[PDB]
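Trainee: Quick one, what's the 3D model for this:
(chains A, B, C, D, E, F, G and H)
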Amino acid sequence: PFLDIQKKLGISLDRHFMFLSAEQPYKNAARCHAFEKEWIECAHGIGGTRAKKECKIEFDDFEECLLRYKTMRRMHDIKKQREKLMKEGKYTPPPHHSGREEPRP
Amino acid sequence: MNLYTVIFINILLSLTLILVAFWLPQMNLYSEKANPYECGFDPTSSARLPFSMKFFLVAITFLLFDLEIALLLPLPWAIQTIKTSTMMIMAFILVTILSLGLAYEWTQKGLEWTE
Amino acid sequence: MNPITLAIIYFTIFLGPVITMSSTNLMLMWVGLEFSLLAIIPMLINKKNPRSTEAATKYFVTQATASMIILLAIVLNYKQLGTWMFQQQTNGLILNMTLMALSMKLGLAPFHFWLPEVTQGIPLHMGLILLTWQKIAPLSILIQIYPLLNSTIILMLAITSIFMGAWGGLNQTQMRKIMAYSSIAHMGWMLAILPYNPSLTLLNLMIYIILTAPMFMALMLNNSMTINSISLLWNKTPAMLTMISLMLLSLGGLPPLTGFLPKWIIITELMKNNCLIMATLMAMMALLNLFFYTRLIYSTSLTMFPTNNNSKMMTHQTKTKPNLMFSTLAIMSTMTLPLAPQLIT
Amino acid sequence: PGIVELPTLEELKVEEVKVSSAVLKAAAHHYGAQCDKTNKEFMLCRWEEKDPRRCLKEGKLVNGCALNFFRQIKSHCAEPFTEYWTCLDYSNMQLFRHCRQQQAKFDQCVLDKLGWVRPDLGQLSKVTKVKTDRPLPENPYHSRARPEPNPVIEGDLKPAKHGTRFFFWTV
Amino acid sequence: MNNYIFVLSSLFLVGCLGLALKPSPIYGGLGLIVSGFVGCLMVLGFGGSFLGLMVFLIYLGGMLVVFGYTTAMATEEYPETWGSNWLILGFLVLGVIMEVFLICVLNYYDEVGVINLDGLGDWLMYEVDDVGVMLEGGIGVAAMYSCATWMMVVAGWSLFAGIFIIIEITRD
Amino acid sequence: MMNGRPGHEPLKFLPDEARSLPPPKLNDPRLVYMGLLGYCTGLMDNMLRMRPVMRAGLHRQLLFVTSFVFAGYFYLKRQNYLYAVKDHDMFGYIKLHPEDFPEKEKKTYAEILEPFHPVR
Amino acid sequence: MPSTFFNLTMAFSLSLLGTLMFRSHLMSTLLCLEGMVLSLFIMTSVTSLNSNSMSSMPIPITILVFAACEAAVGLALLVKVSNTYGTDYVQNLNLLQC
Amino acid sequence: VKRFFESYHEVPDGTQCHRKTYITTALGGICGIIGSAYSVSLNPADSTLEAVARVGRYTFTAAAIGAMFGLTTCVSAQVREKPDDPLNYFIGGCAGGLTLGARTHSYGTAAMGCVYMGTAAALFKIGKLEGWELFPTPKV
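Mentor: Numbers count the residues shown, from 1 in each chain, chains lettered A, B, ... in the order given. The relevant structure is shown in the block below.
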């Protein structure tokens, strides 16, 4: 913040819910809690520029967890290949993907 | 799915009722039949003219009070907290501030209607 | 206004920028902006004339639209990064929308069209409160995200702010409009030095505030809203002409006044960052600003415009209006250039 | 990146408990009292090693303990437990308060036989220590090496050389 | 049952389009009520019911006051709806056509960008706690009473100062 | 730029490291000019309030001069600390990265050939 | 979720476009502001529900509170404008050019 | 259009004069479109017909200024065999100023535009020759 009155007085008016891995009601972990924790643990103490340069792996893992762009691309490629194989008829779904299976608890 | 189904059933029932109400009886409409009602005489002016509101301040206060209601509504889950002293103090402060605002408006005659 | 509502409104006006500056969370900074806007509207419309109503309406819709764009940027950043602060890797589109909305809240060109109109039609003390206090919180928000902003868009906003402020101040005769275009030009300078060194942004902001406050106080002495009204000041308050001239020259950036120091050090930092073309264009438009200041000085101090007959009765009456804090601010905005290394950090 | 290593269906094959939720809730307190150690070992391994593939043996042990528990109940206390879980299954929430006579009779049966005592209020809900020979994972998050901080500069705070050095100002 | 959320989002877009096109404020409030109901349904589909019902109730009260105000002072002899002007109706149908064209362009050209028709209905609920109590959305808003007391006090002071502000503005 | 340095106390006016600095001499041109500005402020305030410029409000002029000197002294001590810590950080960074600040060898005026431009 | 978020962003863009492109009715402008507010609320709520951020779930309610205060002040200003002129016309609100 | 304006500089001056004139005409047309949009928004016309007439007039004026600028600059570079000469850009800028004065029907505006735009174009050529940064990223 522009003024550090909260840090000078030691209080936390808004500093304890600044991100997903912060304090949560009834210990309900948010999505990508581990990824955001790793990103903050990497980026702490080295500054913004070094955090952008050197914690790129942690930031990319956190971003992939949060937005799931590559997961969507991979699933779309799998489903597109599956429907192409269905169109040319050289593939059939297994029973457990087609609705009839042996359920387990 | 069940709630959506019963909402759609209510929609279909009311649409069917108004449709049979409009297509079942014999139609005979003319100009004097469909002229607007002003107790037997012609309307002097259109009803789309501005129509003064004497409780506008009370309506704005109702907006603010409705948002105070929205703030107060998570109380049945807030009373389950571990730190009940903080919740109790904050709820007391919120209701007291709301009551002080109402009392100030009552003192400043905002609840009274204009003219 | 009864003292209860005076205390509530003034405390919320104070509390808005304080919450904005002290807040870590972007949402709390935004609600500080909301506090400032909502609290300052009734004092704008306090005189209850049609001009004050129009000024309050224009200010409300402008700040509401800009705050909605700010909230869009905050929500989009929260969607992208999961946090409530533009940390390092927020989208450039989000940052540019934040900059654009904060520049519309600040009132710099080409988002400046409301500021002379809002400054007109409100009383002088509310113009002072606007043009000094209302710019601190958006500038604090801009200062917190200085390494993330886009220098090209910032420099374009700054250069058009200084150009339009110089031309508007050249045209206007109303004192409130003149002060508003002065605000636009100085905000242009502050924005220009923002991405490179926000310490100089704070320095220019403080110099502009301590120059704007006593000029508005001297206007508040006689409610002189016009060039002619400030021109017959020699009959009303002859002892203020020298300080008026010195403060207007300091606003013009003439050495050896202390108002030359912000433009000088901003130009120096831009030269250190190799933006010579921008620095030279800004300096020439600052010369134009100094021109309309000098015309104001010619009207009020160096020449003596004809006076009225009732000014004799006004000289019969006595006044206690100029407060203790006027002369301190006038001296600190006039004769502080030799303390320049202390004024800079 | 690297491919994900997850076990096969043969490794995931186990004798599942084909037991309804009302039956489980009827036998809940005695299952939490008798099979507590294996269950707490499995929860400890799951909350220490976040990967579920590192705890399949403990999960199979949990299923085996539950199967032994239900086989013991079927061996000794079949009919009172049957009517107890039936009366529990009638309710929509499976509230314990609706069926207390059947609960009392089942508790009496599992008290005179098998020596089982129903846990009191507040006993199953408290944190318990547990002894295990499974080693503590030193890096559960699979974290990389943390980057080193900046080399903080130490030394005495000498005055500024030749003043502020701001253009022509001597001091 | 897969494109249900997408249909709701499209209806919300159409309602906001009508509100942008600005009919008479009676019809503007009607479009805003329909948009609020649609947004309540969207929040309902995505998760907790409390936020959707809250914004629904708030907008019902708000558009009630707006309806009273537009019958009071923001009215005209012939109120303007979407069909009274050829330009406004043309802009409406052109916006619908542009929406269809844009979603087709993002389906075809951009592949898996923001819109994917094959992937539609697959990425609505990402992760849910399958077994668990105390998971509903109203519990966080309740945690504003304990975890974010600063949020509580700034909201309460906003309402209190707003009462003083509206009294002073309409003091006349 | 110096707000993010290690060991930076937040909203601290004069941290304890500033105690290592020599204080201002209390009769130095910056503080003397601050007192002169305070006296000029008092005189200008008298003239604007239409009082006698010098022989009126002696307590007010004394308070102006005293407050200006006091605030100027403490602000000057703070600025001296800031410049000292700036030079300390600069020298420390130079010592930490000597390969980015090589000692260049300046040759004498016997091996370099400055081009001569005749004025005629 | 991404198609829904894109549609919500386009809804905000349309409401902002309506706010920036005035017609005769200041009430319609305020309604466009409220539509922008509604789009912001829905975006924040679906983001919090998607990321399971119960700690950030008070934020949409705070947005609604401050936005309703904004709408309240806008209605009060519209009352003053209508008392001045008889209508809420932004073409009547124009006499501050000189 | 970024790569378009970058393809303005991929060839030295005095070569591809048609391409340079086309690129400068496009840039002038874009600037005229922006200026006409600002003009019709701040000072609206009496009707849509005169509004689009003003838009077309402003766009054609700025496009003609850009076309004359690029054509005269490339022609002067060709005839003087000095691609890296700011005087070519000064001649082109003066030609653009004369085009502005011809469009506005004022010899005084023609002279003022010639001087100012020639100085601006010479400064632009000097900056592109000697690596000036118009919007530099913060380095210190």
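Trainee: Check whether the helix or strand containing residue C:295 comes near chain H.
Mentor: According to DSSP states H and E, residue C:295 maps onto helix C:276-297. Yes - Helix C:276-297 is in contact with chain H by C-beta under 8 Å from any C-beta of the partner chain, via C:276, C:277, C:278. C-beta coordinates here come from the backbone N, C-alpha and C atoms, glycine included.
Trainee: Could you check what's spatially nearest to the closest residue to chain A within chain B, not counting adjacent residues?
Mentor: Residue nearest to chain A within chain B: residue B:81 (8.7 Å; C-beta to the nearest C-beta). Closest residue to residue B:81 apart from its sequence neighbours, by C-beta to C-beta, 6 or more residues apart in numbering or on different chains: residue E:146 at 4.7 Å.
Trainee: My guess is that neighbour contacts residue B:88. True?
Mentor: No - at 10.4 Å, residue E:146 does not count as touching residue B:88 under the criterion of C-beta atoms under 8 Å.
Trainee: Looking at the two, which is more packed in?
Mentor: Ranked by neighbour count (other C-beta atoms under 10 Å in any protein chain shown), residue E:146 and residue B:88 place residue E:146 first, with 18 against 14.
Trainee: Just the helices from chain H, written as ranges.
Mentor: Assigned by DSSP state H, chain H shows helices spanning H:2-8, H:17-42, H:48-80, H:86-104, H:107-129.
Trainee: what helix or strand does the residue of chain B closest to chain A sit in?
Mentor: Per DSSP H and E: residue B:81 is located in neither a helix nor a strand.
Trainee: returning to that earlier point: the helices of chain H: which one's closest to chain C?
Mentor: helix H:107-129 (7.4 Å).
Trainee: Can you list the buried residues in the closest one?
Mentor: H:109, H:110, H:113, H:114, H:117, H:118, H:119, H:121, H:122, H:123, H:124, H:125 (16 or more other C-beta atoms under 10 Å in any protein chain shown).
Trainee: All the helices of chain D, in order from the start?
Mentor: D:21-26, D:28-34, D:36-48, D:56-76, D:78-90, D:101-112.
Trainee: For residue E:164, which residues are in contact?
Mentor: Applying C-beta atoms under 8 Å, 6 or more residues apart in numbering or on different chains to residue E:164 gives the contacts B:101, B:104, C:4, C:5, C:8, C:9.
Trainee: if you set the cut-off to 7 Å instead, what comes out?
Mentor: Under the criterion of C-beta atoms under 7 Å, 6 or more residues apart in numbering or on different chains, the neighbours of residue E:164 are C:5, C:8, C:9.
Trainee: show me the contacts for the most centrally placed residue in chain D.
Mentor: Geometric centre of chain D, nearest residue: residue D:43, 2.9 Å, by C-alpha atoms, centre = their mean. The contact partners of residue D:43, taken as C-beta under 7 Å, 6+ apart, number zero.
Trainee: any idea which element the residue nearest in space to the middle of chain G lies in?
Mentor: Most central in chain G under C-alpha atoms, centre = their mean is residue G:33, positioned 2.1 Å from the mean C-alpha point. If you go by DSSP H and E, residue G:33 is part of helix G:26-51.
Trainee: Does anything pack onto that helix? Which helices or strands?
Mentor: Applying 3 or more C-beta pairs under 7 Å, 6 or more residues apart in numbering or on different chains; DSSP states H and E, one finds that helix G:26-51 contacts helix C:50-81, helix E:4-21, helix E:25-46, helix E:49-72, helix G:2-20, helix G:58-85.
Trainee: Which residues does the fifth one contact?
Mentor: Read that as helix G:2-20. C:65, C:68, C:72, C:79, E:5-6, E:9-10, E:12-13, E:16-17, E:19-20, E:22, E:42, E:114-115, E:120, E:123, G:29, G:32-33, G:35-36, G:39-40, G:42-43, G:46.
Trainee: Ranking the helices of chain H by mean neighbour count, which comes first?
Mentor: Of all those, helix H:86-104 has the most neighbours on average by mean count of other C-beta atoms under 10 Å in any protein chain shown, namely a mean of 22.
Trainee: ok, residues contacting the helix holding residue C:295?
Mentor: Under the criterion C-beta under 7 Å, 6+ apart, residues C:155, C:159, C:162-163, C:165-166, C:169-170, C:178, C:185, C:189, C:192, C:227, C:245, C:248, C:251-254, C:263, C:267, C:270-271, H:132, H:134 lie in contact with helix C:276-297.
Trainee: all helices of chain B, in order?
Mentor: Here chain B has its helices, by DSSP H, at B:2-23, B:31-34, B:56-72, B:75-78, B:84-107.
Trainee: returning to what we had before: could you pull up the residues touching the residue nearest to residue B:81?
Mentor: B:81, B:83, B:86, B:87.
Trainee: That one is in what secondary structure piece?
Mentor: Applying DSSP H and E, one finds residue E:146 in no helix or strand.
Trainee: shouldn't residue H:113 be in contact with residue H:97?
Mentor: Yes - Residue H:113 sits in contact with residue H:97 when judged by C-beta atoms under 7 Å, with a separation of 2.9 Å.
Trainee: And the residue of chain F closest to chain G?
Mentor: Counting by C-beta to the nearest C-beta, chain F gets nearest chain G through residue F:10, at 24.4 Å.
Trainee: how many neighbours does the residue lying closest to that residue once chain neighbours are set aside have?
Mentor: Leaving aside its sequence neighbours, residue F:10 sits nearest to residue A:4 (C-beta to C-beta, 6+ apart; 3.5 Å). As a burial measure, residue A:4 scores 17 neighbours (other C-beta under 10 Å).
Trainee: any idea how far residue G:36 is from residue A:4?
Mentor: 33 Å (C-beta to C-beta, to the nearest Å).
Trainee: so who does residue 9 touch?
Mentor: Answering for chain A, as no chain was given. Taking C-beta under 7 Å, 6+ apart, one finds nothing in contact with residue A:9.
Trainee: Chain F is the one I meant
Mentor: residue F:15.
Trainee: Check which helix or strand the closest residue to residue E:116 other than its chain neighbours maps to.
Mentor: The shortest distance from residue E:116 to any non-neighbouring residue, by C-beta to C-beta, 6+ apart, is to residue A:76 (6.2 Å). Using DSSP H and E, the element containing residue A:76 is helix A:69-88.
Trainee: and that helix, which residues are buried?
Mentor: A:72, A:75, A:76.
Trainee: ok, the residue positioned nearest the centre of chain A to chain G distance?
Mentor: Chain A has residue A:65 as the residue nearest its centroid, 2.0 Å off, counting by C-alpha atoms, centre = their mean. Using C-beta to the nearest C-beta, to the nearest Å, residue A:65 is found at 10 Å from chain G.
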